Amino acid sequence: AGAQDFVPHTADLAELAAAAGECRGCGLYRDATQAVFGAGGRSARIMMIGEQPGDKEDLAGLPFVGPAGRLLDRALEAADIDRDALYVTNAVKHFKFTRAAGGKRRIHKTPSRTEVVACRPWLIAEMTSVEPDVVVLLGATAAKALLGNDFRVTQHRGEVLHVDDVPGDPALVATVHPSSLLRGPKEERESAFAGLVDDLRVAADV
């Protein structure tokens, strides 16, 4: 059942976000500071979904406000997409993490498929509330949430996909997670950034 009994019968994003603050659909709510719901409005035509809030998001209450968010903002700007017009959220709403000794931050840990499926009712409610024309899946966890646990982002870059069990049958575009472009060889990061821009443009051109 997961988060299902915690999701209210409302499409109002403010009411949904407040209810998510109360969610116990999996165990992640316990150590996290708060739930991080999506940001944006129901008029948005483009919904973007990441994996989970990170250290900064857990305390800001907003998605994509750390380094990965800054890289995403650079990609959106290059793609001529206004972040204010998007609805941005994550597959899981509570930060899953650990700390390492000497660490400079809390380290995100990958949600289990079990936690993703537990939290999915929130994603469904968000999609029902926003009725996006296109959904950008940033990274493996988000893409698998809607396209299946076996889905490989690397094999379907910037392809326009459509599956039958998604609300409103929006177009789906799976792409690299912005966090992946933060580190690595310069030429590899630059090529990967260009591909993210391409994928965002495909989505915006739906």
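We number the residues from 1 along the sequence you see.
Annotation for 178-186 versus 17-25: the higher mean temperature factor (C-alpha) is found in 178-186. As the entry records it, the average C-alpha temperature factor is higher for 166-174, out of 166-174 and 59-67. Taking the PDB entry at face value, the top CA B factor among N90, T98, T110, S129 belongs to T98. The maximum CA B-factor among the listed residues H94, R83, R74, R120, taken from the PDB record, is found at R83. In the PDB entry, a CA B factor belonging to the lowest third of its chain's modelled residues is recorded for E51. Compared with the other modelled residues of the chain, the Cα B-factor recorded for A3 ranks in the lowest third. In the PDB entry, a CA B factor belonging to the highest third of its chain's modelled residues is recorded for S43. For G139, the recorded CA temperature factor ranks within the lowest third of the chain's modelled residues.
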